[PDB]
Amino acid sequence: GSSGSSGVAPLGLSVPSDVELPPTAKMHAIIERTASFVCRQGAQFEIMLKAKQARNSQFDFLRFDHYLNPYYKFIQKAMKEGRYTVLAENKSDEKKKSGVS
């Protein structure tokens, strides 16, 4: 009834009791989304972002003095290690979506 838990978490991914969850779906999405890009584009990506987006807040998880440090670092390390996946980015063997013209 009263009290409980707060924050949003993934499904397949099993986060331990050492990492903290995101504030809302928004931040959660930004993290994962950014991780996939930083993992696909390369480590250098994180630099360009942390550099250019120095005033941005959505990229606060990059700050070593942030609570999302472990969360982001985890999702990223996992996505690159071959544990975390984002949508169907490999195969499907079925009709795929289309782009607006």
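Rules used throughout
- Residues numbered from 1 in each chain as written, not as in the entry; some residues may be left out.
- Heavy atoms only, no water.
- Helix = DSSP H or I, 4+ residues; strand = E, 2+ residues; numbered from the N terminus.
- Buried < 20%, exposed > 50% of the residue type's maximum accessible area, 1.4 Å probe, protein only.
- Contact = heavy atoms within 4.5 Å.
- Core = buried A, V, L, I, M, F, W, Y, C linked by side-chain atoms within 4.5 Å.

The deposited coordinates derive from solution NMR.

J.: An account of unusual backbone geometry is requested, with residue identities and associated values reported.
T.: In the Ramachandran plot, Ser3 falls in the positive-phi region, its phi being about 65 degrees despite a non-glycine side chain. Tracing the sequence through the fold places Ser3 in the segment before α1 (25-40). The class of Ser3 is exposed, set by a relative accessible area of 77%. Of note in this structure, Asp93 is not a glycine but carries a positive phi near 60 degrees. Mapped onto the elements of the fold, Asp93 is located in the segment after α3 (68-81). Classification of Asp93 by relative accessible area gives exposed; the value is 77%.

J.: Residue-level account of the side chain of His28, with values.
T.: Structurally, the position occupied by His28 is in helix α1. Once residues lying within four places of it in the same chain are set aside, the contact partners of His28 are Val8, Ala9, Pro10, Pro22 and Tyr71.

J.: Requested: an account of the nonpolar core, with residues and values cited.
T.: By size, the foremost hydrophobic cluster in this structure holds 20 residues, and its most contacted members are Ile31, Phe61, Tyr72 and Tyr84. Those elements that provide at least two residues to this core are α1, α2 (43-52) and α3. Among the elements that take part in this core, α3 stands out by supplying 6 residues, more than any other. Once you skip the residues sitting within four places of it in the chain, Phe61 turns out to touch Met27, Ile30, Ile31, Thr34, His66, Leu68, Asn69 and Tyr72.

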